[PDB]
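As the structure lists them, so they are numbered: ligands from 1, and atoms in each ligand from 1. Index from 1, following the sequence.
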Amino acid sequence: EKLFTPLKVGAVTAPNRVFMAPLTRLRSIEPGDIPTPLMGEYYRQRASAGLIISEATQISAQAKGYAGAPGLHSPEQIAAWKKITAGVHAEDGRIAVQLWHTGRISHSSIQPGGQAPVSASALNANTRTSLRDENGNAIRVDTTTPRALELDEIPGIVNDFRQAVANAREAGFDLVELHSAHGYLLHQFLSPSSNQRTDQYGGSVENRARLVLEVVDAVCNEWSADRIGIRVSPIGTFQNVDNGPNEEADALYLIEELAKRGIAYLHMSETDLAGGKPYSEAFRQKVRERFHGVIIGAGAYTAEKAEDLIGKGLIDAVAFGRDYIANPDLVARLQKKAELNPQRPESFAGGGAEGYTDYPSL
Ligand SMILES: Cc1cc2nc3c(=O)[nH]c(=O)nc-3n(C[C@H](O)[C@H](O)[C@H](O)COP(=O)(O)O)c2cc1C
């Protein structure tokens, strides 16, 4: 077994290869999109993970698409996250913040000024996001048609990612993960399905990847390349965003570009919850020969699949999502071959302590 052996992940050293995937739980305070001590307890419980990757966190107020998702743009958010990272560190853990802009997976009622959310193009996502009702409970609501960003707004978006990384470093995170997956803003630019722009940020794959690579360069310059990871979902369809008619070649272009920056890791979200065609071993080989940082695989993994792919030299670590919701001590359980706690999906999104901090250890 290799899952319980250490791994260098850029600037930090993980003691095992069992990572906690980013998981939106929608329990932040409004007004202010503020993380809470309850969230701190949840993360502290999971500090034995090789690496915790936080729930997706707004780079700006405009970035918000979900009621209850936290930000990392305000002083109060910075202060609250500082307490959370300190608690994880007190338990000898490591924590990355996943930073997003939701783009068109959003609703005008939670945008600044009540305005339409932004995207690469003015095309509805044709999905739902999660808002809160008058009692503060999570509700699913159809997405608002977005406004296409003007060319002169793009530097501001890059600056918002840069600023959020400055804030993340101050807040005590060990790494940052850019959310370039799952149909959110960066992926909206990457995908031809969502990007119909005819300027330097659409058309060719070079142009479609331009924004994400500008963001990568800005955040590497703000902090250091060995502090930066990126999550992609570049094969298949996620939240109605496919990867276009040349998805493999386009993915390999992006990955070769990322490699040039010497970033800490590439995190591949392989499938959504409904599943789909597995990655071919040939594709995994092509990725591996092009990227020289850590590769994290995710999406309905088992420990056995992770060991197989680590043993084949194709990935370095695995991120578990739902098994981490339900098993704070997932590392110990997988090491000991213990049963896993029963998941309670009704409490994944929103609410309070129940279904959040009340899953037991062994
Ligand atoms: C409740 C829930 C929230 C999620 N939130 C995020 C998120 O904030 N960022 C992200 O990149 N993926 C998110 N995902 C995807 C997970 O990180 C993970 O890739 C997915 O659940 C599949 O892995 P699993 O089979 O181990 O759960 C979420 C998944 C679930 C079930």
Looking at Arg25 and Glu55, does any basic side-chain N land under 4.0 Å from a carboxylate oxygen?
no
Numbered atoms and elements of ligand 1 in range of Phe320, under 4.0 angstrom, heavy atoms:
26 (O)
Hey, is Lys312 close enough to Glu281 for a salt bridge, meaning N to O under 4.0 Å?
yes
Just heavy atoms, cut-off under 4.0 Å: does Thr271 contact ligand 1 by side chain, backbone, both, or neither?
neither
If we number the atoms of ligand 1 from 1 as shown, the ones under 4.0 Å from a heavy atom of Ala56 are 8 (O)
heavy-atom search around atom 16 (C) of ligand 1 in the protein gives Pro22 O, 3.6 Å
Ignoring angles and geometry beyond distance, decide whether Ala21 reaches within less than 3.5 Å of ligand 1 through its nitrogen or oxygen atoms.
no
Does ligand 1 have an atom under 4.0 Å from some heavy atom of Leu23?
yes
Where does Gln98 meet ligand 1, judged by heavy-atom distances below 4.0 Å: at the side chain, the backbone, both, or neither?
side chain
Is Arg197 positioned over the aromatic face of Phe189, cation under 6.0 angstrom from the ring centre and no more than 45 degrees off axis?
no
Which atoms of ligand 1 have any heavy atom of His182 under 4.0 Å away?
10 (C), 11 (O), 12 (N)
Could you verify whether a donor N or O on one side chain and an acceptor N or O on the other, from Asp329 and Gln45, lie under 3.5 Å apart?
no
Looking at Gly321, which atoms of ligand 1 are within less than 4.0 Å of one of its heavy atoms?
24 (P), 26 (O), 27 (O)
Of the listed options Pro345, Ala300, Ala298, closest to atom 23 (O) of ligand 1 (non-hydrogen atoms):
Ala300
Check contact between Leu273 and ligand 1, using heavy atoms of the residue and a distance below 4.0 angstrom.
yes
Could you pull out, from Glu270, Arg231, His179, the option with a heavy atom nearest to atom 19 (O) of ligand 1?
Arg231
Verify whether one side chain among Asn124 and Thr143 offers a donor that lies under 3.5 Å from an acceptor in the other.
yes
Would you say the ring centroid of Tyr66 lies under 6.0 angstrom from that of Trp100?
yes
Run the salt bridge (charged side-chain N to carboxylate O under 4.0 Å, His left out) check on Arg227 and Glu222 step by step: do they pass?
CA-CA 10 Å; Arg227 297 283 185 171; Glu222 180 63 38; over 6 Å; no
